[PDB]
Structure formats: C-alpha cells, structure tokens
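The structure's right below; bear with me while I get my questions together.
Per-chain residue numbering starts at 1, and chain names A, B, C, D and E are given in the order in which the chains are listed.
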Amino acid sequence: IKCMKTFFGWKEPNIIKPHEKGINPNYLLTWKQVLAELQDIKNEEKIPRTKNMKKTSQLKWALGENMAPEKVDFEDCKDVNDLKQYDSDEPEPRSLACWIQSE
Amino acid sequence: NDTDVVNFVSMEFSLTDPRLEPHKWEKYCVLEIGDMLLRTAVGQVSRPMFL
Amino acid sequence: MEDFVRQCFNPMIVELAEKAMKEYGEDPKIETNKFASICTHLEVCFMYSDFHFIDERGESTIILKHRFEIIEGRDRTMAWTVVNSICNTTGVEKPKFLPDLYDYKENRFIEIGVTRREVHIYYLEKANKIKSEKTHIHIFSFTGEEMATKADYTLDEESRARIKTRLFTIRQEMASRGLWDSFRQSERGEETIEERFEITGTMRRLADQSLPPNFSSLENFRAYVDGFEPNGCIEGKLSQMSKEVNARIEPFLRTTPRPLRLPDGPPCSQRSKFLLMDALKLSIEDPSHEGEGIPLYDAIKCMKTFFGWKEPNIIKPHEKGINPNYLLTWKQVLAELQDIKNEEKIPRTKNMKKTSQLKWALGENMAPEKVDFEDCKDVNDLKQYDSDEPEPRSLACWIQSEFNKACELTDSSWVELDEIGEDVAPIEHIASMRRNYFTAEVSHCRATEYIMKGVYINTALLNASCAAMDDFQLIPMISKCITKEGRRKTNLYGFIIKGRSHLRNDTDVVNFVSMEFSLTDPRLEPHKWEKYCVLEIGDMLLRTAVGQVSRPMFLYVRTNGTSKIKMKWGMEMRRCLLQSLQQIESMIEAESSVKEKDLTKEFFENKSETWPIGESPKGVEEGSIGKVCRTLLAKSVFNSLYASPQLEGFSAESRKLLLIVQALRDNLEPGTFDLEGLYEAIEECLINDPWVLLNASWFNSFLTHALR
Amino acid sequence: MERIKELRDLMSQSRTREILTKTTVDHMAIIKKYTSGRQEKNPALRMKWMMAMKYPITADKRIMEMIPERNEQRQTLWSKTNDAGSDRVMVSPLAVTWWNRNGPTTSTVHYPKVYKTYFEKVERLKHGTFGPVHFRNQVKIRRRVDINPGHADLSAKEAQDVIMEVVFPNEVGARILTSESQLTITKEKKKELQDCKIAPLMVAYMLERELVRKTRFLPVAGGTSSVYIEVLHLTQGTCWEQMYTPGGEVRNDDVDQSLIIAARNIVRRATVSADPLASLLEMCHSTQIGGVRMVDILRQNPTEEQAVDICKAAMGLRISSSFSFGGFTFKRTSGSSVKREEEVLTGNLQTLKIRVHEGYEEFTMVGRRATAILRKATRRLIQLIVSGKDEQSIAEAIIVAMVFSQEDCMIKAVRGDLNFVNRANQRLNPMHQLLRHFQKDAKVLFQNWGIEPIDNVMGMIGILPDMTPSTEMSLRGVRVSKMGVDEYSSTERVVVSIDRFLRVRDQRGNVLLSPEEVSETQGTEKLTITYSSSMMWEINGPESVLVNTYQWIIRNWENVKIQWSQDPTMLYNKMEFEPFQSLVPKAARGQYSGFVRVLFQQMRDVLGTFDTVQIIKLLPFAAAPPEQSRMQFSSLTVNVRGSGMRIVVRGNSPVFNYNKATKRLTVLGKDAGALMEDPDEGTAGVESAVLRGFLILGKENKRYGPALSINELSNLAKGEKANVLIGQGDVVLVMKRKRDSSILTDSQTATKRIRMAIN
Amino acid sequence: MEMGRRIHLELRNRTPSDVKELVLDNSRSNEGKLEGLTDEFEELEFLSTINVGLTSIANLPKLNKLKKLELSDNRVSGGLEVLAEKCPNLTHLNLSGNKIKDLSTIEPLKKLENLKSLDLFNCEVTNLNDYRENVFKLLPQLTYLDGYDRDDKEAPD
C-alpha cells in the first residue's frame, strides 16, 4: 500500500497490445477491481494481515475458473465428435530472436 | 497432490513499449494504466506506464 | 407543460411565480397557462434589468447602481411603497396603474409585456388600459417582434437581441413539445384564462336522461356523489337480497364425472383436401432426363413409367354431380397428355382448352343471378338463406385408422431442411445433437409426407394462379424424396386443374378439380367418399409372397375450392414440425432440471423409458420417445389438415374439465358450482367433424382411465 | 427547375394553395398523418403473391440509363411502366441481381463508420470465449437492463441536435445557432463523415441508434452488463447455462458515483447550514461534474438515493414514494398505517423517542443480494418472507425487516447501549442505532424473539435462530423461499413536501426521507468536481482542493490575465486563494510569495517571452505577505495530506502536468482542463469554423441584402449583421456577438436581488 | 504542416536572430532532410524536433549558440561529424528513440567537450552489454547518461 501511494500518475486503463488468444476485457476489469479493493482497504481502520478478494465474474474469468473443463467419466463422453487425447503434439518450431540475447 | 496446479493472474508494471517487438509478447495483455515523469537532459518528460 | 415550465426556467423565478399566484388563492397544478405566463413575465422582467449599471459620471454601462429597478416581482404593499418612494425622490408622477420597471437614466416608469399575438394589438390594448402618457411601453413577441413608444427602445441592440432570442427559443421549445397552440390560445386580450369545457345543449339533455332512476339532473347526481359517505350500504343490501343468490361449491370426488355424449347419426365422411392413406404415386427413381425440374416434364416421365390405361368407368358416383362429365374431364386430361407427348416441344406450363365438362367441373357460371328483392318479392319460393343445423353424424373408425397410419414411418425421407452456421459453442453442439436426433426420428414419418405433398401442391397452385389469371392450368401433384439408396426420387400423386383465378380478396375462392390416383376400393366404405368420384382407370401389378397380383388402380376425382388464406395456411404446414419438438424438448429439459445433467442420449438412444401413448384391449400401451415424437407430429399435421371451429371450441371448453380432474388427482379437493353447464358447453361442440368426434372419444377414454 | 415548377403547379389549384398558405410549418407533421391509402393486412401473403409477378420491384427513372432493357439471355430487367402514384419505373429482381453482378463499383469506406454499432457486435462476438455448459435449475430474476453498448447515454433531444448539426448542416434549428457547447462528438462525427454518399436519412437514423440509450425488462440469471444482454439467448436457458465472455471493449462510466458523493456532501454540509434549501440550490446551480453542470445530470440520470431524492424534493420534481432502508429499496404494496410518536425504554435502560406505524401494512424489499416481503400489524410483526443467495444476505435482510417492524418484543431484547454517532458526530436517530446494534449482534434477540412450528409444504422452508434451514420449526412469521422472488414491478411517484430540515413529508403528514438516513461513507471522485460556491471545501481535502483552485484560475483566465497585467496586487489579495496557502507551510509562504512576485516583476519587465503555463502554475503562491529573500527557489513545497509535494518552476511536475502536444492540464493525475489557444501568436481564430454564437434581430430585413445560407455565414465580418434561413425555412436577421457573455448568467443578479426581497 | 511554415509560425513575425528557443513538434521534412533552418539563426539556445520525419541531420546550420539540441522519436542514422563541427558548443543532447546501430557511429560525439548530458532510449546501442559504462568510457566529458550519472543518481537541473 505504501509503495502504491508513492505514485500519482494513474490513468484510465486501456489495452494497447491485447491478448490475441485470450480474454482482454476481463484483465482490465480485474485490474480496476484490484485498485478499488486497495482503496476500500485504505478506507478501513482495523486492517487484518491479508485481505481476500471477493469472488467476481472478471476475477474467475482471468483466473480461469470458469474456463476449466469439468470432470466426467469416459463412459458418458465417449460419443463426442472432437474428443481426442491431450494435445501431446510437438510444439511448432520458432526462429531465434534477438531479445533473449539482450535479456 | 504436490503436482496439483494452482492458477494465478499476475500484473507487472513496466515502461517498455510492447509495439517495438510484439512477437516477444504473446501470452501477455498490455494495459496503459498511467504516465511517469522521468528526468532527462531536456527536463521531466512524460512516458507511458504499461502493465 | 407545468413540467416544462419547471425545467426550462430558473427555479427561483418559478418560486416567485408560485408565490405571486398563491397571493390570489390559485393552484398552479389546476391552472398552468397562467403559471407559464407569469414565469415568462418574470423572466423577461429580470432579463430587461440585467447587465445594466450607472457609471461614475451617470452614463449607462454594461457589466455601482442598477439603472433599471424591478417593481413587478414584489408584493402589492412593497411595489406601491417603492413606486411612491421613486415618485417622491425623483419627483415623478404617479402612474394610474402599477408599472413593471423604472429606468433611472431617463427617470421613467416602463411597463413591459410579452404577447403571443401581434405586437401592435397588444401595444394598443396597453395604451388604452393605462390612459397615461407618463409611462413607457415595451412589448415583446415570441416570434421576434417588438414595439415601443416612438421606437425609443431603451436597451442597446445586444440586449434587445438577447431578449428576442430567449423568447424565440422558448417558443420553439414549446412548439416542439406540443404546447404552443394552447399557450397562444389562452391569451385573451390582456389576461390568461383557464381551459374551459362545459356541457351545454344536446349533452345536457343526454346527461339528464342518463342518470339512475332516483335522480333528475347531472348536477343533482354530482352533488349526491360528492356528499356520499360509506355507511353499510353493501352490508344492508347483502342482508336484504335473498339467500338464493349464492355460489354453492359442489363436491367433485371420483364419481361425479361422466363421459361426453357424441352426436348420433350416420358415420362421418372424409373431408380432407387430398388423399392421405389411400394415395398411390407413380415413381421415377432418378430424374436424369432432358429438361428436368419442370413439373410437367417430371409428370410426363412418371406417366410413361406405367402401363394399364384401360377404359375408365364410374365406380363410386358423385351423388350430387354429373359423373360422365368427370369421366370426360379425365379423358381430356389423358388426351392432352398424349398430344403434348407427341408434340415434342413440351413448354413449361400446359393450358387446357375450355370445355363443357371443364366449365361445369370447376363451377363456372353456376351461380344464381343477383336481383333486387322488391323486384322478385312476389316469388312464393323466396326464403331466407338456408342456415339450419348441420347434420349430426357418428364417429367412424376410418379416422382412427388414418391417424394410426399417419404416426408410422415410411421407406424414404420426406424432409430436406436447409443448412445453418457451423457449431462453435458447446450449447450449439448439444442443440445440433438434439436437432439431428429429432430429425432422424421424424425424417421419414408419414406426417412429413403429408407436409411436403401439401406444401408443393399449394405452392404450385398459388404460383399458377398468379401467373395464369384467366386460363385453365394443369398442375401435376409431384413430390421429391430420398430413398434408402440415397437417390433423388420423384413421385406423382395425381393432377389438379384450376378454374378462374381472378382473385382479389383473401377469402374469395378459386375452384379446382383434383384427380388423385389410388388403390383402395371406395365400395368398401362408401360413406367415406361421398364427396368423391372414382374411376377405375387401370390395373397395377403388386408384388407379394404369391408373386405379382393384379389389382384395380382407381382415380379419385373431386371438386374443391381454395382461398388465398387457405393456400397460405397450406404452405405453412411445415411449422407443424416445430410444434412437435417444442412439446418433447421441454420434457427432456424438465428431467435434466431434476437430474442436473443432459438427457438427450438417455432418451433418444436408451429406448427403455416410455410414456402411455395409446390404448389396446390388454390395457394402456406405453411407447418410446420416437413413438411420442411421431404421434405429436401426426396430431399437429392433422390439426392443420382438419382445422375447424368446433375443434377449437371443444379444446377450450375441455381444458377446464381436464384441469378439474387433474386437480382432483393431486388430492386438492376440487369443487364446482354448475358442472352440468360445463358439460353442456363441451357437448355443444360435437356435431359433424371426424377429428372432433375422435378427440371426444379420446377424452372419454382418458377420463375412464384416470377415474379408476 | 423541377421542384419550383411542381410548387407552381401545386399553387395553381385552389385547394393546394389554401393548404399551403393556411397550415404553418409547426403543423406540417400533422398533415403528414392524413394518408388516404390502405394498410395491407397480412403482408406476408401479399409478398408471397407479389413475388410471382414479372415486375414486383419498383425502381427510379434513372435506371433506364444504366441497366439495359435486356441481359444476354434477353430477359426483361426493367419495363416501360410507372407505379401507382409516382413515376417509379417497374423492374424485376433480375435488375437487382444484374446491378450487383455488373453495376458500377465504389468504395464503402464510410460504411463501417456509419455502421459502427453492428460491426461492434461483430467484433465483440469474434473475440469471445466459451465455457462448459451446466445443467441445473435456473432462476431468472426480472429487472431492467441496458440494450445497446457503445451509447453516449444522451437524451433524445441531444441526440437529435447532434444528428441535425452533423448531417443537416444548414437546416439546424434556432437553439443550435443560439448555443455555445459545441459537443466534441459532433465535430468528431463531422470530420469522420466528410465525403459520405450514403442516404442522409440512413446516416441520421444510424447516429440516433448509436448515441441513444435503451432499457428493457427481462429475466436474467447472470451478468447484467450491456454486452452480457445482447447474448442472453446464447447464455441462459430454462435448464442449462452457457459460459461466455464478449471480447470487445466495455465503457462502464463512473459519473453515478461522483453524483452520489456530490449529493452526499451537499446534504451533509447543508443540514447544519442556516438555510439548507436556498444554499443547496445555489450549490447545485454552480457546480460542474467533469465539465458538465450538475443540473443536467440530475435531470437526466435515473439515480435513486436519499441524498439525490431530497435534492429533487427541494428543487421540485417527482421521486419514488419509497425509502432505501438498510441497503434495501422498500416499497409499500397494500394496507395503510398511521404514524404515532412514542417513548420506548430499551433493555439497556435507554429511553428513545420514536415514531411507529400502526396498521396492517405490507411492504416488499429488494436488496443487492436478497428479496423479501413483510406484512406488519399495529406494532406487531405478522409475516416475514425472505430469499437470498447467501446466508449472510438472509440475515442482514431479516435484521433490517425486524428493526423496521419496531415491535415491542425486540425492545426488551436490546443488550448494550445504543449511542452510535455518525462520522460527523451528529446523533443518529433511534431506529438506525438499533439497526447497527442488531447488526453487531442479534443472537440474544433470536433466542428471545419467538419460536413456533410450521406446516411443511413445497417451495418454502423454515429457519432456526442460528440461521439454518428447517422444515419442522421456525421463528414467528419468519420464512425463506427456495425460489427467487421477483422484484417490484412498478414504482409510484407522488407529490411530496420538503421542510427546511431536508425532511421529505408525504401529503398525509408522514415523513418520507431524512438526511440522517444518508450513508456517511466516503468515496473517491473518478472525474474532477468543480464548485463555485461558498467556503464549502470541507470534505474536499488538499488533493481535490489543488484541482479546484487551478480550475477556478483557468475559468477566469481573461480577467486574471488583465488584472495581472494591470493590477497585480488586488489579484494577489483575492479571497479564493485562501485554502491553497493553508497547505503551504506557514514558515515558508512569505518566501514563496516574494519569489513568485519578483519573478512576475521580471516577467512584466521583459517582453516577447510570455508563458501562460508558468503564470497559471505560480499564481496561487503570490497570495501571502511577500517577505524579501534572495535564494533562487526551484521546488516550492505543497503539503498534501502530510506529504511534501514540490512544484518545479521550469518544466512539468507530478503536481502540475501540462502536455503541449494535447495542450491539456492535469493535477495529481486528476483531470483539470485545457487552455484556449492553438497558434504561437496569442490568437484563437484558428478553428474548424464553429458555426455558433449568433443572435437574431427579428424578422427578415431587406436592407441588409439577400438572404444567406447558414453554411456561408462564416464569411461574415466581426459584428456584421445579415439575413439567414434558420429552422425549416425561417428567414431571420442575425449578427455576430461582440460581448463575450452567454445566456446562462442572465437573471442571476436579479434572482439574488428578488430572493433577498422576498425573504 | 510543413517545415518552413512551422518555422515562420514560431518566428512570430520577428527576424531569425532574436529566438532563444524553437519548438518544431510533429512537423514534416521532405526527403528526410533538414530544411528552412539557415545561418541567420544565431541566438537559438533550446531547440526541439519531435516526430519530424528526418532521415538524418545533414542540413543543420551553424548554430554556435545551440546548447540544448533534441532529436527524439525520429529515425536519424549516419555520421555525426556534421553535428560535431557545425554546432561544437552542444551541452544537452537527446537522441531517445533514434535508429543507431553501435558505438562506432556514436563515436564522433566525443568531439564536443561541453556535452554534460547525453540521453538515449529505445535504441539498438542500449541493448549491448555494459552499454552505460562503455559509453561513459567513450564519452568521458559526459556526466549524466539517460538522466543518470555514473553512479545512478538523478540529475537535477
């Protein structure tokens, strides 16, 4: 909290480079939730050791709870058109990039 | 189980423009959540603060 | 209007207007034209005296002391005191009436007024009213006009423009809000009057004659109502009226209900537009011939695939028509077919030459001429149109057999539903699974054959009717199908000939004659086909365990009529499909709710769970999901084919009895007051329809089962 | 030409001339509803019939020059015929398809721009994410929800004005030509749609669809955001559900929270004031919320809260005849009650003056996490029903309901003193204190409230005092429904009375709203809030005080600059600068004032080096006794809630950030405003030809010359007056402005004068 | 806008000899070469060219009073001897965001002995290991690199 209070250049968050294969808006929503929760903590008096974020749609979506496949026996899902073994396929080749050298 | 996977979401501050080498950034979502004043030979210049 | 005044002006000015009116004992909520007038008055007053000041040297200036002093916004005593003080200090003369503003630079009282009408008229009225030359006058108009004495307008062009423009914008907003007319109207000379709507003349007498017995004038009735207070009038009336006016609950317990009595008479006769279970189709498995697609070409090719054209002869006579004319119609159809076959230049459509048999068959010119009643009023035979009771009939077993044959499967697929977008969402995939399962369940059922056949029939009929206005067009009854081998098969049920199609309304009828092939013998059940004419047109070889047996191939000719609305309702029969699904899916979903999991597979592939879906001598019969699917589809399709007012009447008046008995089953202790009335209302709906009589028998059976 | 010749033909006949000259343009749309045709019943059947014809599609005369009579197969595309009522030639669908396959081609560059809403739907779908379906009982609570995301939430009138300026440039009403706020969106759209051949009516309708808000009453069971409503078919079912997320952009605003905070501050600071009504009115009239006056937002936004409701009652408007008690919106439904004052002794030997309702009343309460109903007799709780997602929601709702009942049974069940006092140290009314006390702990009351058995039936279950489900026994008149209860369907807005104490009293003499019922929680202003009122910066704090001071300075920039150039001293002694110097330490304010004053002396001595940003930055520091000093300051301290914040005289600083590229000024991150300039030669004449700031001068005048079209007014010289056609054909004489004022400040001086006179 | 019009606007109907600071922001140059600036400018002391679309500083005049030169957010690449000789009195320099390959091209800046601060950002040279110390070695006169000195301390004005 003290480290955060040292900055005053906060703007309205907006996405410059979005997650192509993912959920872009919910990242923004959860960041806003983080900031609001920190302000709410600031408004408190007897702050406990740690504070647990309340369950929210954007929080679950960013975490992946709502994107997690459920559990069911193979008997009840055998007749699925696109039911395949886990994608144990060799990842595609990637060319050498200069950024690791700089790293 | 020791191999049980816990999922987390990580937000990290930064000051590098991700439009310079976007290919390096494929698993990340970039927001612009503020501006920072940095001292240089021509005074305090404002630059974006990425997340 | 009042809301507009509150929102558009400064609230403080609204408060001043409210106080000024309340001084007179008025409520703005009852009168708003005066409220708006006063608000405009105060606004223009304060605009006039704004941004004006007196400099050090006494010259006027725009931004010390206010050059203009307001008098109109104050009370009577305050305004009079300030005007007297001005008169004494500056030695001004007392105006005969209270002004609005006082200009200090010129030291004069100026009255200001905003007029909805022309400026000049208001100026003249004000001048006549005041009758003094010591008070200046400034009149503004919402339209952008103003006037003053000698045109000596005190303000500069800027402030005059500001006031003009404020009033102009107010006028535009009032007009766009639909209140400008009333506002301009309420102004009468120099005062604003409340809206008046008084009953005088004719309505006064009408109201005097439209009151309870013990009153004579509308004003007396209004006075009585205003002074009325509730003193046990209802209690006294209840204590007076006889006990015989009461709603008595009659117990309903397992013994009261009885079956619905069907009407007695002869067995009911078929009335469908087309043959349903007795049709025969001439088939070509693969139409790969030249000029394919045209109905005439396919019909001719199907015709050429059959031999056995023997001399036709009346088998079941049209008891009312002229059978030889029907025979001649069929002979002409055949002869034209041979002629066009030998032409070798088959066009898209075939027009039949008008003939005596054709004109009579399609009811051409067989209609009484219209005459004036007075001219033929002496005719003894003249009598009101016959609209007596329709003949009661008896439920005949043919309807049950037709329905049973409707709810069963066929050899080929009678539906080719179009494509949709690719499934992506998981629910899209579940929906595709359910849809494909249902389609496979009823993609070949007989009811689907009925749907496709009727759709094609009515489509061709309407298209020819619009394209061929004043010609007799020969319309083959064709259908397409997909055999077990997956071959595009074409089937010819029969032919249709349409009469004059000069149709203008959606209820006027076009008369046609339909000739459908068949293999049944009408003589077995004559009362079924008492509207048909049957010609034994050939012999067909049917294969059986004993080889090829020759049977007589008949051709049912009948004369019918169709209206544009009826043709549209025929082309809408495909919607029947949806109805069936909408009754099963819910059930599926229901169980899913009680199981918290999908149940499409455990229903469409288990084939173990069943529902009671019929009756048999052993008892009640249980059926699988497919049985119910096709049963509901057949019921919907037949309801479409056998639609009649009595059907809906019986359904509506029977739902109540169904709900009563079910409530009894749930142990809810139901009761009724005039159950016999409900029974009579239900029974009134059973006269002649085969479908309704069948449904009544079904309800009797269900009541018999449920009561036990 | 064709138009004028047709008008002459119309004028030739007597009746057409009479209707032309009689009817005023105001009633034009009234004579547009007098159609002598006949509406086609069952248009589906009609279309089916029509399609069979040869030429069922109507085209225009010009088609004769582009589409040939026959195609390669000699089919007839268009026929030499005319429609019934016009000269629309007759053509077949063949003509449409031929045009599509062989017609002239252009660029649809503006189609995405005009149709941004539909393409936005496309993008939101194209980037969505799905999840596993779940099958279970579904509860779809019914409520109002948005429809079209991407809207500016403008009022219909404002959308109409924007459309009229954008696509109808030289036909705009008088309100626009007598208007000052040229919305940024209007100029944006005008730039976007420069060369657009699309039919202007289509453009107008699409802009209306894009910029307007819409709300519908639907049953939802999950997310309620606008982007979560457009896919409600795909997301919620009767027995199933679908995990989905739009992948576009959300535009969740925050002005509602700012309005909540503003109203709360106004009521909190006016309740103690001498004349809360006039004071609050003056504040609301002179306050700005993110660049817009608060009056517009109050009239526009459909907010429901005690502070805003009391503000409306004072200003005079309609509000719901209900109160949001304990975080739950209440609503009376049946019965009647009479309010009686009484004194009640609690279980802690505490005497409280209360007002209780006697009667057989019934209420429905809708909270953030529950829905409940309560039938109450005269000081007797009769029936209570609640339904909620979690047990804690159930408990808080039941506690709120029981404290509302105000029965005598709980009075003896009070344990501990009830001396709760809000953050303002103002005594809280007894019912709120009891509510907080029972929130803290209610086990003792539960044990001694009441216990009785209940018959078991489907759809409803009991509750034991430890807040656990039960079927065989529950509390007196307390029950919970296993299925969600639909919220109230409608609300009644009635005329109400407001007293100087900001208490809203119904027409029957009862009280409806009170400031004491207003929550005292403090939030943060996402958007800057500006006030021009009295010394009301009590809860503002230094953070917002700095922004308010800079805003006040920049609003009066012209007067401030003139005073600085001519009379620096009086400007320095301005009262409004008092709070800024409060933040600056009292041991150094003199040095800062002297340094800035000598800097201004040097500034005025030199010429050609004018710098507005420096003057704006350093003006507030020159309002203290300027003790002489020689050290050349470089960072003037600025106390901000016990945190020394410095200001660099040269260059930007965190406490004062001005971006030259965008010419925008912000203080401590919060928005402050912008400067009025563009070229580096002290002028503001370089604009996009803003066609605003004109004043009419009555009807048309012939001397000034032939009437001009609005689009060509820009050539007018400063103060020149001409004749222009405004509205739908109304010629008026207009002029350019000479005095830099507006219509807003009119009547204010006379307003205050007459207000003093009346009181 | 274009170069010459921007320079004329900045001049403010004054001779090109009484300007102590010139701001050329978001301007444009033809063929990526400096245009407009001439020898007449002799009082300029704080120049700034941002997003100007210059390929290289090859037409810079002899602004002997040029002290705070800024070439930021541009694509300048090539020899820097022109800057070394034309303006030998540079004190503060900014090349943030420029296109520079390695130190072999930044060597000529060592000629200016008054360069108290050199700023580089988002460049290719900064990728090299020990870029800060190597540049400091190459430019001993430098005292504040990227707004920081040899000991990582912010540089107050």
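Just so it is clear, contacts are C-beta pairs under 8 Å (C-beta built on N, C-alpha and C of every residue); 3 or more make two chains touch, one makes a residue touch a chain.
Chain-to-protein mapping (UniProt): C = Polymerase acidic protein; D = Polymerase basic protein 2.
Two chain pairs, A-B and A-D, are weighed by contacting C-beta pairs, with A-B ahead.
Put simply, the chain farthest from subunit E by mean CA position is C. Most remote chain with respect to subunit B, judged by CA-atom centres, is C. Per-chain CA centroids place subunit A at a distance of 43 Å from subunit E. In whole angstrom, the spacing between the mean C-alpha positions of subunit D (Polymerase basic protein 2) and subunit E is 49. Subunit C (Polymerase acidic protein) and subunit D (Polymerase basic protein 2) have CA centres that are 38 Å apart. The distance from the centre of subunit B to the centre of subunit D (Polymerase basic protein 2), with each centre set as the mean of the Cα atoms, comes to 34 Å.
Multi-chain contact residues, meaning those touching two or more other chains, occur in subunit D (Polymerase basic protein 2) at positions 131-132, 650-651, 654, 669.
Those residues of subunit C (Polymerase acidic protein) in touch with two or more other chains do not exist in this structure. Within subunit E, contacts with two or more other chains are made by residues 156-157.
Interface residues of subunit B facing subunit D (Polymerase basic protein 2) in the complex, by the touch rule stated above, are 34-35, 37, 43-44, 46.
Across the complex, subunit B is touched by residues 7, 9-11, 13-20, 22, 24, 27-28, 30-31, 34, 62-65, 97, 99 of subunit A. Chain contact summary for the complex, subunit B toward subunit A: residues 7-9, 11, 18-19, 21-37, 49-51.
Partner subunit D (Polymerase basic protein 2) is touched in their complex by these residues of subunit C (Polymerase acidic protein): 6-7, 10-16, 19, 43, 45-47, 49-51, 62, 70, 73-74, 78, 143-146, 157-158, 160-162, 164-166, 168-169, 172-173, 175, 180, 424-427, 430, 462-463, 466-467, 506, 564-565, 568, 571, 586, 589-590, 592-593, 595-598.
Residue ranges on subunit D (Polymerase basic protein 2) touching subunit C (Polymerase acidic protein), taken from their complex, read 26, 41-42, 44-45, 48-49, 52-53, 130-133, 135-138, 173-175, 178, 234, 237-240, 242, 244, 281, 299, 315-317, 695-699, 727, 732, 735, 738-739, 741, 743, 746-747, 749-751, 753-755, 757-758.
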